[PDB]
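These notes are about the structure you will find just below.
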Amino acid sequence: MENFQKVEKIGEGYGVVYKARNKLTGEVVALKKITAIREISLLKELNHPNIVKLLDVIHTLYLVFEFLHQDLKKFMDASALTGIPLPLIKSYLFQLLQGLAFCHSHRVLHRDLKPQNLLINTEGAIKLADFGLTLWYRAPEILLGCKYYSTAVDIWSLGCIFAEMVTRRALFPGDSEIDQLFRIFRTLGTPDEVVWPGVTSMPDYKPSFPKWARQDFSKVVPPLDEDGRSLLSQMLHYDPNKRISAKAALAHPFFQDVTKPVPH
Ligand SMILES: O=C(O)c1ccc(F)cc1
Ligand SMILES: O=C(O)c1ccc(F)cc1
């Protein structure tokens with residue numbers, strides 16, 4: 001639109017994302033060019049320090065967001081040789097659990113959490129961006145064809161991301177829906193009715209799924225301490241109803257010594 005001057009493409013998702021200058025405010029913004037109105041009103045009222053601000057909705061459908069240059073994916077890549085320091089891992093994890101708790105207590109699900117979608121600033125903040133309006137962070141209930149999923153899908157994604165900051169490798173780098181499912185099964189064991197009541201009734205569940213044994217989490221995320229492994233295990237419970245909430249995750253002993261370091 002004529003009050004916005006394009007600076008450069010930020011990325012491509014539903015649509016395309018540009019860095020743009022607002023000619024009216026002089027502000028630099030992220031401009032995303034693309035039932036929906038109620039969804040986008042819920043996003044425009046969601047205001048929290050760990051949620052990217054939806055500044056303006058222009059229907060002529062452009063969504064004007066606050067701009068941040070850096071994301072967690074870019075940061076993980078630049079940090080690959082040394083790793084993200086654990087204080088910063090813990091700070092990023094704690095802040096995303098806060099944004100998620102806010103979202104979830106306002107009946108908003110993210111649905112598509114990934115490192116790419118997590119924007120960081122120079123002061124040590126991290127913010128949920130690009131709400132769901134490639135498969136690595138997908139909860140197994142979504143992969144098993146469940147259409148009426150819960151807030152627990154965002155917890156699973158955040159658990160995957162937590163594991164990835166710790167080990168500097170994606171936890172479950174699936175390249176199709178079945179490879180994704182089977183990567184989850186080879187690590188955590190093939191779910192059954194014992195650990196996940198109702199799993200064998202999921203729309204895309206097949207009795208012919210191979211039966212893998214579970215690996216110990218001490219093998220999965222070394223050198224993470226017992227508090228970090230305890231919390232990760234609770235974020236990665238098969239049964240969405242056993243999966244810890246973002247609010248109860250905030251009171252976990254892992255966050256006892258949480259601080260907010262400056263990234264460098
Ligand atoms: O898609 C978003 O939500 C988004 C992406 C980049 C950015 F700087 C701000 C918002
Ligand atoms: O969902 C879990 O957390 C879980 C699944 C299988 C198992 F053997 C232990 C825990």
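Identifiers in the structure tokens: chain A, B, ... in order shown; residue index from 1 per chain; ligand index from 1 in order shown.
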
With 12 Å as the cut-off and only C-alpha atoms counted, what is the closest atom pair between each nearby residue of range 17-111 of chain A and range 252-255 of chain A? Distances in Å to one decimal, ordered by chain and number, as a tab-separated table.
```
residue	atom	partner	partner_atom	distance
A:86	CA	A:254	CA	11.0
A:87	CA	A:255	CA	9.8
A:88	CA	A:255	CA	11.6
A:89	CA	A:255	CA	10.8
A:90	CA	A:255	CA	7.0
A:91	CA	A:255	CA	8.4
A:92	CA	A:255	CA	11.1
A:93	CA	A:255	CA	9.2
A:94	CA	A:255	CA	7.2
A:95	CA	A:255	CA	10.7
A:97	CA	A:255	CA	11.0
```

Within 10 Å of ligand 1 (only C-alpha atoms and all ligand atoms), residues as a PyMOL selection string: chain A and resi 9-13+15-20+28-33+51-54+63-71+116-120+127-132

Set out as a tab-separated table a contact list for chain A and ligand 2 with a cut-off of 10 Å, giving each residue of chain A that qualifies its closest atom pair and distance in Å to one decimal, counting only C-alpha atoms and all ligand atoms, ordered by chain and rising residue number.
```
residue	atom	partner	partner_atom_place_in_ligand_line	distance
A:185	CA	ligand 2	6 (C)	9.7
A:187	CA	ligand 2	6 (C)	9.9
A:188	CA	ligand 2	6 (C)	6.3
A:189	CA	ligand 2	6 (C)	6.1
A:190	CA	ligand 2	6 (C)	7.7
A:191	CA	ligand 2	5 (C)	6.5
A:192	CA	ligand 2	6 (C)	8.3
A:194	CA	ligand 2	6 (C)	8.4
A:195	CA	ligand 2	5 (C)	5.3
A:196	CA	ligand 2	1 (O)	6.9
A:213	CA	ligand 2	8 (F)	7.9
A:214	CA	ligand 2	8 (F)	5.9
A:215	CA	ligand 2	8 (F)	8.6
A:216	CA	ligand 2	9 (C)	9.1
A:232	CA	ligand 2	3 (O)	9.7
A:233	CA	ligand 2	3 (O)	6.0
A:234	CA	ligand 2	3 (O)	6.5
A:235	CA	ligand 2	3 (O)	8.5
A:236	CA	ligand 2	3 (O)	6.3
A:237	CA	ligand 2	1 (O)	3.6
A:238	CA	ligand 2	1 (O)	4.0
A:239	CA	ligand 2	1 (O)	6.1
A:240	CA	ligand 2	1 (O)	9.0
A:242	CA	ligand 2	1 (O)	7.7
A:243	CA	ligand 2	3 (O)	8.1
```

Print the selection's residues with N, CA, C and O atoms to a file, as a compact mmCIF listing (two decimals), in the first residue's frame.
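So the final result, stored in result-v3.txt, reads:
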```txt
# COMPACT_ATOMS: atom_id res chain seq x y z
N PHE A 185 8.73 -42.20 16.97
CA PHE A 185 8.56 -43.55 17.52
C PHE A 185 9.89 -44.21 17.84
O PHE A 185 10.00 -44.84 18.89
N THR A 187 12.66 -42.88 18.81
CA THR A 187 13.26 -42.24 19.98
C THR A 187 12.44 -42.50 21.26
O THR A 187 12.98 -42.96 22.24
N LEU A 188 11.15 -42.22 21.23
CA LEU A 188 10.31 -42.26 22.43
C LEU A 188 9.55 -43.59 22.60
O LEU A 188 8.86 -43.75 23.61
N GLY A 189 9.69 -44.50 21.63
CA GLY A 189 8.99 -45.77 21.59
C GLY A 189 7.65 -45.65 20.92
O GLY A 189 7.05 -44.57 20.99
N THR A 190 7.17 -46.73 20.24
CA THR A 190 5.86 -46.67 19.57
C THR A 190 4.76 -46.51 20.63
O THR A 190 4.67 -47.35 21.54
N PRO A 191 3.90 -45.46 20.55
CA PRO A 191 2.87 -45.29 21.59
C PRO A 191 1.88 -46.44 21.54
O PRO A 191 1.64 -47.01 20.47
N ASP A 192 1.31 -46.79 22.70
CA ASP A 192 0.22 -47.75 22.78
C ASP A 192 -0.83 -47.21 23.71
O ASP A 192 -0.70 -46.08 24.19
N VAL A 194 -1.61 -48.08 26.78
CA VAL A 194 -1.03 -47.91 28.13
C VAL A 194 -0.59 -46.44 28.34
O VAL A 194 -1.06 -45.80 29.25
N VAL A 195 0.29 -45.93 27.49
CA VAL A 195 0.90 -44.61 27.69
C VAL A 195 0.02 -43.50 27.11
O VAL A 195 0.13 -42.36 27.55
N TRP A 196 -0.84 -43.84 26.14
CA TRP A 196 -1.70 -42.89 25.41
C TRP A 196 -3.06 -43.52 25.15
O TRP A 196 -3.31 -44.04 24.05
N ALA A 213 11.22 -49.69 20.69
CA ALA A 213 11.55 -49.42 22.08
C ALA A 213 11.87 -47.94 22.28
O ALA A 213 12.30 -47.25 21.34
N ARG A 214 11.66 -47.45 23.50
CA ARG A 214 12.00 -46.11 23.91
C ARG A 214 13.48 -46.00 24.24
O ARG A 214 14.03 -46.89 24.90
N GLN A 215 14.14 -44.92 23.79
CA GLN A 215 15.47 -44.52 24.28
C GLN A 215 15.37 -43.66 25.54
O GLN A 215 14.42 -42.90 25.69
N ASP A 216 16.37 -43.78 26.45
CA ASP A 216 16.51 -42.92 27.63
C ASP A 216 16.79 -41.49 27.15
O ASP A 216 17.56 -41.31 26.21
N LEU A 232 11.77 -31.61 30.03
CA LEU A 232 11.64 -31.99 28.63
C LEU A 232 10.74 -33.19 28.50
O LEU A 232 9.85 -33.19 27.65
N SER A 233 10.95 -34.21 29.35
CA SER A 233 10.13 -35.43 29.29
C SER A 233 8.63 -35.12 29.45
O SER A 233 7.81 -35.79 28.82
N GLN A 234 8.28 -34.10 30.26
CA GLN A 234 6.90 -33.74 30.58
C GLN A 234 6.26 -32.94 29.44
O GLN A 234 5.03 -32.92 29.31
N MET A 235 7.11 -32.28 28.63
CA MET A 235 6.73 -31.53 27.44
C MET A 235 6.53 -32.46 26.28
O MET A 235 5.83 -32.09 25.34
N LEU A 236 7.15 -33.67 26.35
CA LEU A 236 7.13 -34.67 25.28
C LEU A 236 6.34 -35.94 25.61
O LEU A 236 6.55 -36.98 24.96
N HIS A 237 5.42 -35.87 26.59
CA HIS A 237 4.50 -36.99 26.86
C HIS A 237 3.67 -37.19 25.60
O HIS A 237 3.20 -36.21 24.98
N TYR A 238 3.49 -38.45 25.19
CA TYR A 238 2.63 -38.80 24.05
C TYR A 238 1.22 -38.26 24.22
O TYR A 238 0.74 -37.49 23.39
N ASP A 239 0.57 -38.63 25.32
CA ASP A 239 -0.81 -38.27 25.62
C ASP A 239 -0.89 -36.75 25.84
O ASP A 239 -0.32 -36.25 26.82
N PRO A 240 -1.58 -36.00 24.93
CA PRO A 240 -1.72 -34.54 25.12
C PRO A 240 -2.22 -34.14 26.51
O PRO A 240 -1.85 -33.09 26.99
N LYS A 242 -1.47 -35.67 29.33
CA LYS A 242 -0.41 -35.80 30.33
C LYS A 242 0.64 -34.70 30.16
O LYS A 242 1.38 -34.41 31.10
N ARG A 243 0.72 -34.12 28.97
CA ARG A 243 1.72 -33.11 28.60
C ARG A 243 1.56 -31.93 29.55
O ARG A 243 0.44 -31.45 29.75
```

Those in range 131-237 of chain A with helix (DSSP H, G or I) from DSSP, as number ranges by chain: A: 140-143, 152-167, 177-188, 199-201, 217-220, 226-235

Would you pick out the contacts of residue 151 in chain A at 12 Å or less, using only C-alpha atoms, so that residues sharing its chain but fewer than 5 positions from it are not included, and give the list as a compact mmCIF listing (two decimals) with N, CA and C atoms, in the first residue's frame?
```txt
# COMPACT_ATOMS: atom_id res chain seq x y z
N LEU A 97 7.57 -19.97 27.29
CA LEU A 97 6.54 -20.57 28.16
C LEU A 97 5.56 -19.50 28.70
N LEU A 100 3.40 -18.37 25.67
CA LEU A 100 2.50 -19.51 25.45
C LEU A 100 1.42 -19.56 26.53
N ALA A 101 1.78 -19.35 27.83
CA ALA A 101 0.79 -19.34 28.92
C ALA A 101 -0.26 -18.25 28.73
N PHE A 102 0.19 -17.03 28.34
CA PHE A 102 -0.68 -15.92 27.97
C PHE A 102 -1.64 -16.28 26.81
N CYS A 103 -1.11 -16.80 25.68
CA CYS A 103 -1.87 -17.26 24.51
C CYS A 103 -2.95 -18.24 24.93
N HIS A 104 -2.53 -19.29 25.64
CA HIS A 104 -3.37 -20.43 26.03
C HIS A 104 -4.47 -20.06 27.01
N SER A 105 -4.20 -19.10 27.94
CA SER A 105 -5.20 -18.59 28.89
C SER A 105 -6.18 -17.64 28.20
N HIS A 106 -5.88 -17.21 26.95
CA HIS A 106 -6.75 -16.41 26.08
C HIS A 106 -7.30 -17.24 24.91
N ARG A 107 -7.30 -18.58 25.07
CA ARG A 107 -7.79 -19.58 24.10
C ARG A 107 -7.16 -19.44 22.68
N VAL A 108 -5.92 -18.91 22.60
CA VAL A 108 -5.19 -18.84 21.33
C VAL A 108 -4.15 -19.95 21.32
N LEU A 109 -4.12 -20.76 20.25
CA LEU A 109 -3.05 -21.74 20.01
C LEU A 109 -2.11 -21.16 18.96
N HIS A 110 -0.79 -21.42 19.07
CA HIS A 110 0.14 -21.00 18.03
C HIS A 110 0.02 -21.93 16.81
N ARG A 111 0.13 -23.27 17.02
CA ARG A 111 -0.02 -24.36 16.03
C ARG A 111 1.21 -24.59 15.17
N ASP A 112 2.10 -23.59 15.04
CA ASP A 112 3.23 -23.76 14.12
C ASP A 112 4.55 -23.20 14.68
N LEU A 113 4.84 -23.53 15.94
CA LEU A 113 6.08 -23.08 16.55
C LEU A 113 7.27 -23.70 15.88
N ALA A 139 3.38 -32.00 16.70
CA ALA A 139 2.88 -32.92 17.73
C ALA A 139 2.33 -34.20 17.08
N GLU A 141 -0.27 -36.07 17.73
CA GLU A 141 -1.73 -36.08 17.50
C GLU A 141 -2.11 -35.43 16.16
N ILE A 142 -1.40 -34.36 15.75
CA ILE A 142 -1.62 -33.72 14.44
C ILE A 142 -1.19 -34.68 13.31
N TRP A 156 4.56 -29.42 22.84
CA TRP A 156 5.37 -30.44 22.15
C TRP A 156 6.42 -29.76 21.26
N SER A 157 5.97 -28.83 20.37
CA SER A 157 6.84 -28.02 19.51
C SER A 157 7.94 -27.35 20.35
N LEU A 158 7.56 -26.68 21.46
CA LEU A 158 8.55 -26.02 22.33
C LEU A 158 9.57 -27.01 22.97
N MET A 235 7.11 -32.28 28.63
CA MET A 235 6.73 -31.53 27.44
C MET A 235 6.53 -32.46 26.28
N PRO A 240 -1.58 -36.00 24.93
CA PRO A 240 -1.72 -34.54 25.12
C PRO A 240 -2.22 -34.14 26.51
N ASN A 241 -3.05 -34.98 27.15
CA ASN A 241 -3.60 -34.72 28.48
C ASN A 241 -2.60 -34.99 29.62
N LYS A 242 -1.47 -35.67 29.33
CA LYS A 242 -0.41 -35.80 30.33
C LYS A 242 0.64 -34.70 30.16
N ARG A 243 0.72 -34.12 28.97
CA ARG A 243 1.72 -33.11 28.60
C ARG A 243 1.56 -31.93 29.55
N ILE A 244 2.66 -31.47 30.16
CA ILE A 244 2.65 -30.33 31.09
C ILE A 244 2.07 -29.07 30.36
N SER A 245 1.37 -28.21 31.10
CA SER A 245 0.91 -26.94 30.55
C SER A 245 2.06 -25.92 30.61
N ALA A 246 1.96 -24.79 29.84
CA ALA A 246 2.99 -23.74 29.90
C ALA A 246 3.03 -23.12 31.31
N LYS A 247 1.85 -22.97 31.96
CA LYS A 247 1.77 -22.41 33.32
C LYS A 247 2.46 -23.32 34.37
```

From A:138, A:73, A:59, A:23, residue lying nearest residue 183 in chain A [only C-alpha atoms]: A:138
